[PDB]
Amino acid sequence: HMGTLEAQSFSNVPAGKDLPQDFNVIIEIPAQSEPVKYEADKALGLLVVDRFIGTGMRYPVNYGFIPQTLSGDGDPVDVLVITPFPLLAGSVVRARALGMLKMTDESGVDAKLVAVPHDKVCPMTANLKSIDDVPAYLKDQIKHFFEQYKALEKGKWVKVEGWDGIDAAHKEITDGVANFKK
């Protein structure tokens, strides 16, 4: 939020080709990357060094956002995109939803969409139709990551509620696209 006195790239990427089923994700943090959190400055069209993760824990899945969306929290809709090889930071991928990881943090709701590329793009993930198809070990791994990664950030905490499905994820997209347009 910029104040009245002062206020006197990425933003041109569409949210999706066929929302909410077919959406675009701009990658911020590749899976397994060294433990540095980058957050897109949507104005500037650049990735910003946001935090050196105090726990040194790495994202177990790629992390990114859907451009032209605004979730309640002030963030765009944030997305975890599962792939067999980490994606390049700052790249864009066409995606479909598997579901939602429901969480809350010290500041409020903190839900993350779970997504994969389209089947034609990534045949390796074609077998994942919904959140329930994601391997148990990987869902547990993703949950534990969110619960623990900010553990050494003063003031901060994260609690996971559980998972929800495709309908829940489409609602987040729908709402986020609506919010961004006012």
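All residue numbers are counted from 1 along the displayed sequence. Whichever C-alpha set is largest while still superposing within 1.5 Å between the two forms counts as the rigid core.
Take 101 to 109 and 79 to 87, fit the other structures onto the shown form by the rigid core, and average the C-alpha distances in 5 other deposited structures of this protein: the farther stretch is 101 to 109. A fit on the rigid core, followed by a root mean square over CA positions in 5 other deposited structures of this protein, ranks 27 to 35 against 46 to 54 and picks 46 to 54 as the more shifted one. Once the C-alpha B-factors are averaged per stretch, 152 to 160 and 62 to 70 rank with 152 to 160 first. Mean CA temperature factor is higher for 102 to 110 when stretches 102 to 110 and 88 to 96 are set side by side in the entry.
In this PDB entry, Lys129 carries a Cα temperature factor that places it within the middle third of its chain's modelled residues. Placement of the Cα temperature factor of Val13 within the chain: highest third of the modelled residues, per the deposited record.
Split the chain's modelled residues into thirds by C-alpha temperature factor. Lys42 is in the highest one.
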